[PDB]
C-alpha cells in the first residue's frame, strides 16, 4: 500500500516496525510481525546467553520464512554483559538488520556494518541521531516523549522532535512513541518520517506471547495511566502505572533516593513475571500512553493491514477531500 524509504531500504511490505521488547520480544512476536509484512525484532537481551539467542533465532525461523531483525539494547548495568558475543551470535546467524538502543552504540554499530548488517539506531534527541548518522547507521528511530521505555531527559514529544530531526537528518527516519493506528502513520509521514515503530500496540495483539490479563489491562487503561520512574536518577522510564511504579515515585519524592533503594522494586526478574503470570502489580512493566487509543486485540496480520488501509483512506478521502 505504502512505499517509503523505509520499505525500500529494509525490504518489507509495510512501513511498520516492531522494535525492541524486553521479555516480550520472543519468537512468537517477531514471527507474527514478520509474517504480517512489517519489520520485526527478537529481543537479544531477553535471551539469557548468546547461545540462547542463537537458539531463539532458529526457533523464530521455524515460525516464519520472512527476514526479521534483532534488537540489541545497551543496558547501563555494570554487570557482566557479553555484548560482543551477542553481536557475534547475531552476525553468525545471518541477521541482516539490527536495532540498537542505549548509550554509546558506536562500537557495536561499526562491527555490524563491517559484516553487511544494516543498523537502525533508536535515539531520543536530534543531536544523538546526528552523531549516529555520522557513525554510519542505515536509519534512525526517533523516539519521542510519548514512548514506552526510556525517552531520555529532554521531554520533547514527537510532534516537535520528529520535524526537528527531519530538518537535519539525511538517512531514513522511523517515528517511535505514541503511534497505534493509521492516523499516527500519516502524521508521522507528514512530519518527515518514513515509517513508524510501535511497542505498546503490539502488546495488544493475539500473537504477543504474554498473559491475557496484561493485554486486558492495556485495553482498560487511558492515556493518563503511565508513570515516569527514576526521573530523579536521570534514568527516566515510562511504565504502566501500578502499585510498584507508584511506590518508587513515593521513594523518589522523599529525597536522597539511590538505585539500590529501588532496585528490588524495578527488578527485571519481578517485571518479567507480569507478562507470564498476568499480575500487573507484581512489578514494573513497560507501557506507553498510546494505550489510551487501544481497546482491541487483532491478529498482527489484520492490524498492519488495517493501519495502512486506514492511512491510505485518510489521504485519499479525508485530506484530498478538504482540498477538493
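Positions refer to the first chain, counted from 1.
- For the pair 48 to 56 and 253 to 261, the mean Cα B-factor is higher in 253 to 261.
- Stretches compared: 276 to 284, 22 to 30. Higher mean C-alpha B-factor in the entry: 276 to 284.
- Of the candidates 136, 177, 184, 152, the deposited coordinates give 136 the top C-alpha B factor.
- For the set 108, 206, 121, 127, the PDB entry puts the maximum C-alpha B factor at 108.
- Per the PDB record, residue ranking by Cα B-factor puts residue 70 in the lowest third of the chain.
- Among the modelled residues of its chain, residue 99 has a C-alpha B-factor that falls in the middle third according to the deposited record.
- Residue 266 sits in the highest third of its chain by CA B factor, as recorded in the PDB entry.
- Annotation for residue 80: CA B-factor lies in the highest third of the chain's modelled residues.
- Split the chain's modelled residues into thirds by C-alpha temperature factor. Residue 148 is in the lowest one.
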